[PDB]
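Heads up: the sequence shown is residues 1 to 74, going by PDB author numbering.
The block underneath contains the structure these notes are about, expressed in structure tokens.
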Amino acid sequence: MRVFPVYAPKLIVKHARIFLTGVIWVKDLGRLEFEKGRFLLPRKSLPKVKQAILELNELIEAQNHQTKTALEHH
């Protein structure tokens, strides 16, 4: 239930490290749900939002990079 009056892509992801499971209300995108780090797609939505979430996950994999294989599944 964390609202964001500002966008700031990297700040969202950086702080999502602690809030990994929940939902945010960014004023630029809207209601964004994410579970254990992975920002989820509510639906198709507008390309603006969809691509943003993709680049957020991109940024996630940039800060993470490792991705420790435990249950990633074949």
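We put the beta carbon where it would ideally sit given N, CA and C, even for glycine.
Suppose contacts are defined by Cβ-Cβ distances below 7 Å. Is residue i in contact with residue j by that definition?
i: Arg2; j: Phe19; result: yes
Between the Cα of residue i and those of the options, spot the shortest distance and give me the residue it belongs to.
i: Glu58; options: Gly37, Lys27 and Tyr7; result: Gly37
i: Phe34; options: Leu56, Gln63 and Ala70; result: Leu56
i: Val13; options: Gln51, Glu72, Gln66 and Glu61; result: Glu61
i: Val49; options: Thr21, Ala16 and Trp25; result: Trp25
i: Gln51; options: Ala16, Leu11 and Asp28; result: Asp28
i: residue 100; options: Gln66, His74, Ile53 and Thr21; result: There is simply no residue 100 to check, as the chain begins at 1 and stops at 74 in what is shown.
i: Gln63; options: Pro47, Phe4 and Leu11; result: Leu11
i: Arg17; options: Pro5, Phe39 and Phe4; result: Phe39
Identify every residue that forms a DSSP beta bridge with residue i.
i: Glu33; result: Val23
i: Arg2; result: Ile24
i: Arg38; result: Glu35
Please classify residue i: is it buried, with 16 or more other beta-carbons within 10 angstroms of its beta-carbon, or exposed?
i: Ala70; result: exposed
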